[PDB]
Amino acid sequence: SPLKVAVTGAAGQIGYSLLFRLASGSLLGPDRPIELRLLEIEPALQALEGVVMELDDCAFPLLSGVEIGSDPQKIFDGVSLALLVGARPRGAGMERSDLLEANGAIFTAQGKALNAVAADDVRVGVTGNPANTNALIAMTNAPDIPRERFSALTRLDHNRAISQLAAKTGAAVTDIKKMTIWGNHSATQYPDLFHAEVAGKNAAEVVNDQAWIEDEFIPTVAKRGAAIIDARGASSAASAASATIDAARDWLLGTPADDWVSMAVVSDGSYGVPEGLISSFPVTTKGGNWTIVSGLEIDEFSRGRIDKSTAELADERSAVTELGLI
């Protein structure tokens, strides 16, 4: 039976990479058909028709059907996975608050729609920026969907961190395990080498260089989005779509034993992350359910960085509360 998958922002950059991955089998593998439900805003519908034409022209055996629309209550109808990509990208004259203000209402409305018409088993992945806060907004506006069903994307941060570590250590990405991104999808994010493993050995022990971690690794990961913008002239697209795919796939199909991934999810207070925030944690997944990895010891350096990020998250929560978005 085809999985009903809603994708918002389907005519934009990320969408133009993502839809073809989805329809070709990148999400659930070669034996699981997919129904795509694509949401856009009015002046993009024509372009969306174009995208659908290309989808048709790929002759994808797993693509059971495509519906397009501009009403979230039509498109989210009975969907089991909602990928909320639609939102404006970061502009050059924008402060973070500018983008937060620009995009939040989207998630108020979409959270309400999901609450009204989504399938009982729905999982909701939020890619549109600011990811964490937009997920908080959607979650809060869908009180009849379990709060655990909402996750903001920090998987791009996670994969970027894996890439940087792999490059530094001369290891293959398949040798890198238990990478963690803590907190916000922003320049305050904390990539944690202290619980990661490179080819079976503690990553911090392998790289043996605190000054590298602080001066090169962390800010290269944290500011990689900006670096991509500078090198390419626009924010990440194909890699954001790939990260969206990885996160949703792992969420639905489960994480490898002896590994974990980064997902921004609602905090119950674990690791001193304020309750109610959407914050990136190390998690394992099984049967569509995530579990925050337990028993980790948080060193003083890591604690300082994590707190910096959660402080930023709390500020964002206050800001959207003031705007009346939640």
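Just count from 1 along the sequence shown to find any residue number.
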Comparing average C-alpha B factors as deposited, tell me which of 169-177 and 124-132 sits higher. 169-177
Going by the average Cα B-factor in the PDB entry, point out whether 39-47 or 263-271 comes out higher. 39-47
In this PDB entry, which of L153, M94, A240, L83 has the top CA B-factor? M94
Given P191, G104, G183, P256, the residue at which the Cα B factor reaches its maximum: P256
Ranking the modelled residues of this chain by C-alpha B-factor as given in the entry, is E297 in the lowest, middle or highest third? highest
Among the chain's modelled residues, which third holds the C-alpha B-factor of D57? middle
Thinking about Cα B factors across the chain, which third does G288 belong to? middle
Among modelled residues of the same chain, the CA temperature factor third for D315: highest
Select lowest, middle or highest to describe the third in which the CA B-factor of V207 falls within its chain in this entry. highest
